[PDB]
Amino acid sequence: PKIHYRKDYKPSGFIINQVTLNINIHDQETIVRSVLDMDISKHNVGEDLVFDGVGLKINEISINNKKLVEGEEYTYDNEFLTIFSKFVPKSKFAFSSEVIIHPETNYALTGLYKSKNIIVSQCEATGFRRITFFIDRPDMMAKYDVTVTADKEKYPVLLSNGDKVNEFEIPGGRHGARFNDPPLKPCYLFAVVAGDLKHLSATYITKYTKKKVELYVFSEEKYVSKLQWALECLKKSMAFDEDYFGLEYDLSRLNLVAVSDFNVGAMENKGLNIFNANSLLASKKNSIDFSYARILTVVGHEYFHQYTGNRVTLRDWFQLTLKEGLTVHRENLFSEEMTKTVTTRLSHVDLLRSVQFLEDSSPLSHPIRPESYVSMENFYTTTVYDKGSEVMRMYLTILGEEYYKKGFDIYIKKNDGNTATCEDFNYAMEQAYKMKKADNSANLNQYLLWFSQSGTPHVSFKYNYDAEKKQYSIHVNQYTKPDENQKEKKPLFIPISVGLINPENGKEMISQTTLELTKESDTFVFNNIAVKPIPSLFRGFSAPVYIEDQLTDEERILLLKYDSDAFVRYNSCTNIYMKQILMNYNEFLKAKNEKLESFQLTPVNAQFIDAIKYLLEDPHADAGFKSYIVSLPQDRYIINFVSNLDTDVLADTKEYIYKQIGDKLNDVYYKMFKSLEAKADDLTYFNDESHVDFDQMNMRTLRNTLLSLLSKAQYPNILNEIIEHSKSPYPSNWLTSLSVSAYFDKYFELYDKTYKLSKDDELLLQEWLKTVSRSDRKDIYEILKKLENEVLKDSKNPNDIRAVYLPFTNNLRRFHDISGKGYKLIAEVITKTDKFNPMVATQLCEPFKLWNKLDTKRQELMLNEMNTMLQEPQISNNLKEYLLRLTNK
Ligand SMILES: CC(C)(C)C(=O)N[C@@H](C(=O)NO)c1ccc(Br)cc1
Ligand SMILES: [Mg+2]
Ligand SMILES: [Mg+2]
Ligand SMILES: [Zn+2]
């Protein structure tokens with residue numbers, strides 16, 4: 001296993017100036033001819049010419065139109081093409097090759113592959129080497145001239161980067177298209193698409209240069225009517241980057257293409273973005289509400305890459321977070337502006353503090369700029385993406401909007417058309433930091449620790465108030481637990497957005513303030529504070545940290561009701577919940593350990609329940625926010641606070657807490673579920689695919705959340721509401737009716753009903769699969785078997801496999817069955833999947849990420865299955881490295 005190190009970076013001894021491709025798609029094979037106009041770089045030391053080339057069938061290779069003989073002049077081991085230096089020229093030369101590949105049987109979905117009836121490429125990060133020989137690394141910038149030929153019947157639409165400069169007929173019912181893309185680009189941004197595609201189109205005129213940009217969105221003919229929202233999101237994305245960042249699109253045309261088989265969400269190939277179908281296609285009749293936020297973010301994400309990723313690219317893959325973390329940040333700013341709901345920001349924080357915090361306290365923990373990798377695909381992580389985004393967002397919090405836009409502009413102008421590192425961005429921000437602080441002595445050298453230091457910082461507080469002097473103090477410290485990456489952790493630059501709430505009237509006591517914590521501990525003092533305040537800390541979640549507010553539940557309730565910041569309210573609620581959960585957990589645990597005949601449980605705080613009722617009944621309060629407060633924290637958030645987690649005890653704990661709150665508020669829940677119906681399920685714009693109301697969708701989220709609570713509680717005659725719910729035109733509703741019916745005898749009745757509604761739409765069926773997979777059923781294992789035999793079968797579609805299994809993995813009581821059969825089931829799916837798709841195989845390993853946080857029995861069970869997987873003779877490099885790191889080997 002070759003290990004690559006960040007410290008070992010050095011420029012290539014070679015240069016690739018021009019790439020001339022001929023791609024020749026036939027029924028049984030695809031022939032790829034490539035001419036590389038190359039040169040010798042100043043870093044050259046007469047070394048062998050080594051190309052990346054994975055799974056290529058060599059017909060012939062040449063240097064300056066002279067054939068190379070195998071063995072005497074070169075060797076090829078199906079991974080590297082090694083041309084001995086004595087046969088390598090010392091000036092400008094041309095390398096050429098003709099190889100054969102087979103997209104039809106490429107089920108790894110990397111390189112060139114077939115998705116249903118569409119030929120499509122995926123080259124990031126190391127996919128281009130699976131198409132032809134190349135020095136497959138992002139710092140090898142080249143010009144591209146690409147010709148694609150194919151059967152005209154089967155592949156009328158041909159697409160690649162750049163401008164289409166020629167179209168021509170070919171004898172035998174074939175045709176060709178030539179694409180010239182003069183601007184330099186890394187090879188992972190190369191793309192090609194061939195198929196019977198249908199499209200929607202529009203013309204966008206840029207804000208400043210008034211340039212006409214042709215926008216095209218593609219899909220297979222059957223789903224062409226699901227492209228409308230995507231086109232709207234693209235227009236929105238272009239407008240936002242113009243309005244916020246002052247950035248216009250520089251090309252004549254932008255294509256978006258949806259394919260059914262895709263490993264991730266989408267890919268930002270220059271002028272040819274390629275999407276997972278579930279992240280581009282939607283209709284109000286055939287999609288759940290989440291699809292609309294999903295498509296908005298993903299279309300937005302790929303578009304913002306055009307500057308942060310494409311025009312300013314990476315020096316090496318260790319700088320991945322520079323384009324991904326920064327683009328997610330831009331996507332988040334975009335989404336918050338478009339949705340105009342507080343739940344947008346809350347949803348990102350909810351994701352980070354559950355999934356990413358878990359990762360960062362697991363053996364897989366890494367900094368957003370990793371120090372090493374075996375398979376780069378294994379580091380496209382929530383750490384690199386989402387913690388990266390938070391690190392990028394903190395710049396904005398520190399600098400403020402005005403100076404952040406100035407610093408960002410410096411970064412773009414100074415690095416446009418070039419490769420860049422994380423240091424380059426921090427430099428640009430430091431320039432704005434100097435301007436803001438009004439002295440050239442200020443620097444952001446400490447901030448670089450955010451890129452290099454792994455683990456989640458812990459921030460705790462102590463408060464003091466002197467009523468006589470009207471003086472308030474906030475004593476703060478930070479701490480990061482040592483791990484396998486850093487022996488000693490250093491204090492980070494932590495920006496703490498704070499407010500001070502007057503507990504008597506709920507008003508703000510000070511103006512907007514961001515405390516800059518740069519030491520291990522500090523004391524921030526405030527004068528002229530009339531009364532003892534309740535601190536509103538880390539407003540907007542201003543830093544990716546564990547917050548320990550040290551507030552009483554009384555104080556947290558007051559913030560929940562009266563604070564102005566959405567997150568702090570949300571977090572105060574979260575902290576009240578966590579305290580309750582941890583208390584009841586230990587009480588349940590001690591009773592189990594000591595085998596007690598009787599014991600007591602601490603009831604849920606009555607004033608807390610009163611506060612929930614208060615908010616729920618407030619008509620001016622946000623429906624989305626309401627759905628969060630009636631929901632306990634994510635299991636993966638909770639586990640970060642519990643050692644040797646007994647999943648049954650946690651399940652017991654949650655059930656007790658929900659029942660306590662339900663026994664008081666169920667009537668309020670039902671009353672709200674009925675009153676929200678009119679606005680939530682309004683059909684006025686059901687046939688307008690460009691009209692999306694995120695507030696209305698939040699109301700539906702609240703209704704479906706309340707319905708779930710009422711169903712679990714077996715509320716009187718709630719089954720009637722469930723039946724009526726199944727007749728709703730909105731998929732979010734009638735799929736909800738399926739999952740909540742799990743607690744009734746009518747489940748399999750709705751199972752068949754919803755299946756018939758879903759079966760004729762590829763994406764809708766996959767949502768149905770997720771709904772079934774996540775169903776709280778005692779017979780879920782029998783149900784999964786039914787899905788495998790009747791629906792899933794032999795499908796190699798990642799959307800299909802992930803839909804069937806991943807939701808089930810979050811079933812706290814059933815997946816973590818003490819027999820370990822849940823662990824055995826997924827390990828079998830992982831090993832099975834690994835034979836044709838290593839990336840998705842590692843994706844299916846997500847349940848095992850918390851293995852060492854569980855009780856000793858469940859630890860042993862998970863560990864056994866992972867060791868079983870590790871001993872599979874044909875295990876991929878991706879899966880092997882992932883499991884080796886996860887199990888600390
Ligand atoms: C769902 C989400 C994580 C946002 C995604 O699609 N990421 C892309 C990406 O960054 N597109 O620009 C992605 C692309 C390549 C690889 Br390998 C992994 C993830
Ligand atoms: Mg091959
Ligand atoms: Mg299919
Ligand atoms: Zn991206």
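Counting convention: from 1, in listed order, for ligands and their atoms alike. We number each residue from 1, following the sequence as shown.
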Name each N or O atom in ligand 1 that is under 3.5 Å from a protein N or O, and give the partner atom and the distance.
{"residue": "ligand 1", "atom": "6 (O)", "partner": "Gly265", "partner atom": "N", "Å": "3.0"}
{"residue": "ligand 1", "atom": "6 (O)", "partner": "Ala266", "partner atom": "N", "Å": "3.0"}
{"residue": "ligand 1", "atom": "10 (O)", "partner": "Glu324", "partner atom": "OE1", "Å": "2.9"}
{"residue": "ligand 1", "atom": "10 (O)", "partner": "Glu324", "partner atom": "OE2", "Å": "3.2"}
{"residue": "ligand 1", "atom": "10 (O)", "partner": "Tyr385", "partner atom": "OH", "Å": "2.6"}
{"residue": "ligand 1", "atom": "11 (N)", "partner": "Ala266", "partner atom": "O", "Å": "2.8"}
{"residue": "ligand 1", "atom": "11 (N)", "partner": "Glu302", "partner atom": "OE1", "Å": "3.2"}
{"residue": "ligand 1", "atom": "11 (N)", "partner": "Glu302", "partner atom": "OE2", "Å": "3.0"}
{"residue": "ligand 1", "atom": "12 (O)", "partner": "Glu268", "partner atom": "OE1", "Å": "2.7"}
{"residue": "ligand 1", "atom": "12 (O)", "partner": "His301", "partner atom": "NE2", "Å": "3.3"}
{"residue": "ligand 1", "atom": "12 (O)", "partner": "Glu302", "partner atom": "OE1", "Å": "2.5"}
{"residue": "ligand 1", "atom": "12 (O)", "partner": "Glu302", "partner atom": "OE2", "Å": "3.2"}
{"residue": "ligand 1", "atom": "12 (O)", "partner": "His305", "partner atom": "NE2", "Å": "3.2"}

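Between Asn877 and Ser375, the side chains place no donor N or O within less than 3.5 Å of an acceptor N or O (distance only, hydrogens not considered).
Between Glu124 and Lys185 there is no salt bridge, since no side-chain nitrogen of the basic residue lies less than 4.0 Å from a carboxylate oxygen of the acidic one. With respect to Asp761 and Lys285, no salt bridge is recorded, no charged nitrogen being found less than 4.0 Å from a carboxylate O.
Legend: protein N/O/S atoms lying under 2.8 Å from the Mg ion (ligand 2), waters omitted, number 1.
Remark: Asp350 pairs with no residue by the salt bridge (charged side-chain N to carboxylate O under 4.0 Å, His left out) rule, at least two apart or across chains. The ring-ring contact (aromatic ring centres under 6.0 Å, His included) test applied to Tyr385 returns no partner, not counting sequence neighbours.
Rounding to the nearest 0.5 angstrom, the gap separating the CZ atom in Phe262 from the CE atom in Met267 is 7.5 Å. With rounding to the nearest 0.5 angstrom, the CG atom of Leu56 is 7.5 Å from the CG atom of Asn78.
Looking at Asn269, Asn161, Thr132 one by one, the single match for side-chain contact (heavy atoms from CB on, under 4.5 Å) with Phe190 turns out to be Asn161. Applying side-chain hydrogen bond (donor to acceptor under 3.5 Å, both in side chains) to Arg636 and the options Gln356, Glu846, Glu359 leaves one that passes, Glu846.
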